[PDB]
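Asks: Contents of entry.cif (mmCIF, C-alpha atoms; chains and numbers go by the auth columns) are below:
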data_protein
#
loop_
_atom_site.group_PDB
_atom_site.id
_atom_site.type_symbol
_atom_site.label_atom_id
_atom_site.label_comp_id
_atom_site.label_asym_id
_atom_site.label_seq_id
_atom_site.Cartn_x
_atom_site.Cartn_y
_atom_site.Cartn_z
_atom_site.B_iso_or_equiv
_atom_site.auth_seq_id
_atom_site.auth_asym_id
ATOM 1 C CA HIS A 1 0.000 0.000 0.000 0.00 288 U
ATOM 2 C CA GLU A 2 2.733 2.473 0.909 0.00 289 U
ATOM 3 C CA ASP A 3 4.621 1.887 -2.354 0.00 290 U
ATOM 4 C CA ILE A 4 1.569 2.506 -4.554 0.00 291 U
ATOM 5 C CA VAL A 5 0.636 5.745 -2.759 0.00 292 U
ATOM 6 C CA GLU A 6 4.022 7.312 -3.497 0.00 293 U
ATOM 7 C CA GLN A 7 3.728 6.346 -7.161 0.00 294 U
ATOM 8 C CA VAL A 8 0.292 7.909 -7.639 0.00 295 U
ATOM 9 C CA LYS A 9 1.361 11.036 -5.743 0.00 296 U
ATOM 10 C CA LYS A 10 3.843 11.849 -8.524 0.00 297 U
ATOM 11 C CA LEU A 11 2.040 10.385 -11.555 0.00 298 U
ATOM 12 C CA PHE A 12 -1.454 11.892 -11.143 0.00 299 U
ATOM 13 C CA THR A 13 -0.680 15.596 -11.008 0.00 300 U
ATOM 14 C CA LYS A 14 -2.294 17.146 -14.069 0.00 301 U
ATOM 15 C CA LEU A 15 -5.966 16.148 -14.101 0.00 302 U
ATOM 16 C CA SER A 16 -8.657 18.828 -13.913 0.00 303 U
ATOM 17 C CA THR A 17 -9.965 20.768 -10.909 0.00 304 U
ATOM 18 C CA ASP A 18 -13.722 21.328 -11.233 0.00 305 U
ATOM 19 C CA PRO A 19 -15.524 21.139 -7.860 0.00 306 U
ATOM 20 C CA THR A 20 -18.733 19.526 -9.092 0.00 307 U
ATOM 21 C CA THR A 21 -19.633 16.229 -7.466 0.00 308 U
ATOM 22 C CA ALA A 22 -21.943 13.549 -8.822 0.00 309 U
ATOM 23 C CA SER A 23 -24.655 14.266 -6.242 0.00 310 U
ATOM 24 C CA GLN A 24 -25.162 17.798 -7.518 0.00 311 U
ATOM 25 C CA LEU A 25 -25.840 16.312 -10.945 0.00 312 U
ATOM 26 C CA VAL A 26 -28.326 13.642 -9.828 0.00 313 U
ATOM 27 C CA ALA A 27 -30.282 16.137 -7.722 0.00 314 U
ATOM 28 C CA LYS A 28 -30.894 18.735 -10.437 0.00 315 U
ATOM 29 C CA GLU A 29 -32.149 16.091 -12.893 0.00 316 U
ATOM 30 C CA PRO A 30 -33.726 13.188 -10.996 0.00 317 U
ATOM 31 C CA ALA A 31 -35.148 9.935 -12.363 0.00 318 U
ATOM 32 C CA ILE A 32 -38.907 9.349 -12.305 0.00 319 U
ATOM 33 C CA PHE A 33 -40.735 6.057 -12.894 0.00 320 U
ATOM 34 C CA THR A 34 -43.737 5.902 -15.243 0.00 321 U
ATOM 35 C CA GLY A 35 -46.150 3.037 -15.793 0.00 322 U
ATOM 36 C CA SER A 36 -46.330 2.366 -19.548 0.00 323 U
ATOM 37 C CA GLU A 37 -45.585 -0.268 -22.191 0.00 324 U
ATOM 38 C CA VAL A 38 -44.004 -0.996 -25.594 0.00 325 U
ATOM 39 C CA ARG A 39 -45.053 -3.949 -27.772 0.00 326 U
ATOM 40 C CA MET A 40 -43.285 -4.970 -30.987 0.00 327 U
ATOM 41 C CA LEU A 41 -45.280 -7.588 -32.902 0.00 328 U
ATOM 42 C CA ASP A 42 -43.676 -9.536 -35.744 0.00 329 U
ATOM 43 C CA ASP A 43 -45.220 -13.063 -36.021 0.00 330 U
ATOM 44 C CA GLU A 44 -42.402 -14.319 -38.293 0.00 331 U
ATOM 45 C CA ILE A 45 -40.191 -14.862 -35.216 0.00 332 U
ATOM 46 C CA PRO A 46 -40.686 -18.278 -33.547 0.00 333 U
ATOM 47 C CA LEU A 47 -40.274 -17.323 -29.854 0.00 334 U
ATOM 48 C CA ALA A 48 -41.580 -14.406 -27.778 0.00 335 U
ATOM 49 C CA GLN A 49 -39.638 -12.406 -25.182 0.00 336 U
ATOM 50 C CA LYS B 1 -60.845 -18.822 -37.273 0.00 21 O
ATOM 51 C CA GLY B 2 -59.152 -15.810 -35.694 0.00 22 O
ATOM 52 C CA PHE B 3 -55.551 -15.470 -36.843 0.00 23 O
ATOM 53 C CA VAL B 4 -54.133 -12.745 -39.054 0.00 24 O
ATOM 54 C CA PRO B 5 -50.319 -12.557 -38.905 0.00 25 O
ATOM 55 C CA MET B 6 -49.308 -8.979 -38.340 0.00 26 O
ATOM 56 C CA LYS B 7 -46.438 -6.535 -37.793 0.00 27 O
ATOM 57 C CA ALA B 8 -46.850 -3.302 -35.792 0.00 28 O
ATOM 58 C CA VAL B 9 -45.513 -1.326 -32.811 0.00 29 O
ATOM 59 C CA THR B 10 -47.828 0.026 -30.075 0.00 30 O
ATOM 60 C CA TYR B 11 -47.108 2.353 -27.145 0.00 31 O
ATOM 61 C CA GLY B 12 -49.428 2.877 -24.185 0.00 32 O
ATOM 62 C CA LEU B 13 -49.652 4.861 -20.940 0.00 33 O
ATOM 63 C CA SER B 14 -51.129 3.974 -17.547 0.00 34 O
ATOM 64 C CA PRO B 15 -54.712 4.906 -16.555 0.00 35 O
ATOM 65 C CA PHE B 16 -53.498 6.829 -13.493 0.00 36 O
ATOM 66 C CA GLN B 17 -51.365 9.266 -15.485 0.00 37 O
ATOM 67 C CA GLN B 18 -54.081 10.973 -17.587 0.00 38 O
ATOM 68 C CA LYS B 19 -57.110 13.236 -17.133 0.00 39 O
ATOM 69 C CA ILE B 20 -60.251 11.103 -17.344 0.00 40 O
ATOM 70 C CA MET B 21 -63.235 13.535 -17.345 0.00 41 O
ATOM 71 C CA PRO B 22 -62.299 16.957 -18.977 0.00 42 O
ATOM 72 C CA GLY B 23 -62.328 15.626 -22.557 0.00 43 O
ATOM 73 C CA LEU B 24 -66.123 15.907 -22.774 0.00 44 O
ATOM 74 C CA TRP B 25 -66.761 19.676 -22.605 0.00 45 O
ATOM 75 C CA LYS B 26 -63.718 20.381 -24.732 0.00 46 O
ATOM 76 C CA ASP B 27 -64.806 22.113 -27.975 0.00 47 O
ATOM 77 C CA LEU B 28 -68.612 21.625 -27.931 0.00 48 O
ATOM 78 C CA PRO B 29 -69.313 24.440 -30.463 0.00 49 O
ATOM 79 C CA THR B 30 -66.965 22.719 -32.927 0.00 50 O
ATOM 80 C CA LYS B 31 -68.424 19.286 -32.133 0.00 51 O
ATOM 81 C CA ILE B 32 -71.999 20.449 -32.780 0.00 52 O
ATOM 82 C CA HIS B 33 -71.232 22.057 -36.162 0.00 53 O
ATOM 83 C CA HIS B 34 -69.637 18.822 -37.416 0.00 54 O
ATOM 84 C CA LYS B 35 -72.704 16.712 -36.681 0.00 55 O
ATOM 85 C CA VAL B 36 -75.332 18.989 -38.221 0.00 56 O
ATOM 86 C CA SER B 37 -73.507 19.948 -41.426 0.00 57 O
ATOM 87 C CA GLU B 38 -73.106 16.231 -42.173 0.00 58 O
ATOM 88 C CA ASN B 39 -76.509 14.877 -41.096 0.00 59 O
ATOM 89 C CA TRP B 40 -78.950 17.406 -42.602 0.00 60 O
ATOM 90 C CA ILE B 41 -80.173 15.320 -45.538 0.00 61 O
ATOM 91 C CA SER B 42 -81.067 12.405 -43.282 0.00 62 O
ATOM 92 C CA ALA B 43 -83.334 14.525 -41.131 0.00 63 O
ATOM 93 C CA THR B 44 -84.884 16.336 -44.176 0.00 64 O
ATOM 94 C CA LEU B 45 -85.741 12.747 -45.220 0.00 65 O
ATOM 95 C CA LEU B 46 -87.172 11.784 -41.820 0.00 66 O
ATOM 96 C CA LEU B 47 -89.188 14.856 -40.764 0.00 67 O
ATOM 97 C CA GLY B 48 -90.002 16.185 -44.245 0.00 68 O
ATOM 98 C CA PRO B 49 -92.744 13.716 -45.241 0.00 69 O
ATOM 99 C CA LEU B 50 -94.256 13.983 -41.749 0.00 70 O
ATOM 100 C CA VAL B 51 -94.561 17.780 -41.513 0.00 71 O
ATOM 101 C CA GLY B 52 -96.013 17.875 -45.027 0.00 72 O
ATOM 102 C CA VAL B 53 -98.634 15.197 -44.394 0.00 73 O
ATOM 103 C CA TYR B 54 -99.759 16.754 -41.098 0.00 74 O
ATOM 104 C CA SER B 55 -100.270 20.027 -42.962 0.00 75 O
ATOM 105 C CA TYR B 56 -102.503 18.314 -45.526 0.00 76 O
ATOM 106 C CA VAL B 57 -104.756 16.648 -42.929 0.00 77 O
ATOM 107 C CA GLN B 58 -105.289 19.816 -40.862 0.00 78 O
ATOM 108 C CA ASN B 59 -106.266 21.743 -44.007 0.00 79 O
ATOM 109 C CA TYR B 60 -108.639 19.026 -45.230 0.00 80 O
ATOM 110 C CA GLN B 61 -110.386 18.878 -41.854 0.00 81 O
ATOM 111 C CA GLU B 62 -110.762 22.678 -41.674 0.00 82 O
ATOM 112 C CA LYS B 63 -112.637 22.852 -44.973 0.00 83 O
ATOM 113 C CA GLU B 64 -115.189 20.092 -44.371 0.00 84 O
ATOM 114 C CA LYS B 65 -115.899 21.565 -40.933 0.00 85 O
ATOM 115 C CA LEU B 66 -116.716 25.008 -42.363 0.00 86 O
ATOM 116 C CA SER B 67 -118.855 23.441 -45.109 0.00 87 O
ATOM 117 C CA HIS B 68 -121.222 21.694 -42.678 0.00 88 O
ATOM 118 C CA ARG B 69 -122.025 24.845 -40.694 0.00 89 O
ATOM 119 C CA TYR B 70 -125.275 26.637 -41.470 0.00 90 O
#
Any chance you could put this one into structure tokens?

Replies:
Amino acid sequence: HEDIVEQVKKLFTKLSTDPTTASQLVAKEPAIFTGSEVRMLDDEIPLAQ
Amino acid sequence: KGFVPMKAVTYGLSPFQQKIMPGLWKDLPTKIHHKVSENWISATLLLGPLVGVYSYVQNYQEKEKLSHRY
């Protein structure tokens, strides 16, 4: 563990610095469930799924 | 007896996501004009021979009633 930490402390130095987390992006566009359906009928296919 | 092989795609919503009642009083002036400018030769053929026969009978009976009076 202590040998990997010193490698990443000098290799990962140049990635970006935006302070937006993932939770601020889920909360301003949430996901909502809707009861509904889609049916695709073909009748030339032998099995139904 | 009941099979027609078919190919189509259908989408459908849930009953508890829509407005059930307000689609009745929606455009009732427009709905009325569509029914009476398309069914006005089927009512001129149903009431026409009845209004014209009732006019004949009431005129016949009002001229043999005034010819029997002294």

Asks: Under the rule of at most 8 Å, produce a per-residue listing of chain O near chain U: chain, number, name, the closest pair of atoms, and the distance in Å, as a Markdown table, using only C-alpha atoms.

Replies:
| residue | atom | partner | partner_atom | distance |
| --- | --- | --- | --- | --- |
| O:25 | CA | U:330 | CA | 5.9 |
| O:26 | CA | U:330 | CA | 6.2 |
| O:27 | CA | U:329 | CA | 4.6 |
| O:28 | CA | U:328 | CA | 5.4 |
| O:29 | CA | U:327 | CA | 4.6 |
| O:30 | CA | U:326 | CA | 5.4 |
| O:31 | CA | U:325 | CA | 4.8 |
| O:32 | CA | U:324 | CA | 5.4 |
| O:33 | CA | U:323 | CA | 4.4 |
| O:34 | CA | U:322 | CA | 5.4 |

Asks: Which value, in Å to one decimal, gives the distance between atom CA of residue 66 of chain O and atom CA of residue 54 of chain O?

Replies: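 Straight-line distance from atom CA of residue 66 of chain O to atom CA of residue 54 of chain O works out to 19.4 Å.
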
Asks: Suppose you want the space between atom CA of residue 72 of chain O and atom CA of residue 60 of chain O; what is it in Å?

Replies: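 Pair atom CA of residue 72 of chain O / atom CA of residue 60 of chain O returns 17.2 Å.
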
Asks: Which distance in Å separates atom CA of residue 21 of chain O and atom CA of residue 332 of chain U, to one decimal?

Replies: 21.1 Å

Asks: Where's the centre, and what are the edge lengths in Å to one decimal, of a box along x, y and z enclosing all listed atoms of segment 315-332 of chain U padded 5 Å per side, as JSON?

Replies:
{"center_x": -38.6, "center_y": 1.9, "center_z": -24.4, "size_x": 25.4, "size_y": 43.6, "size_z": 37.9}
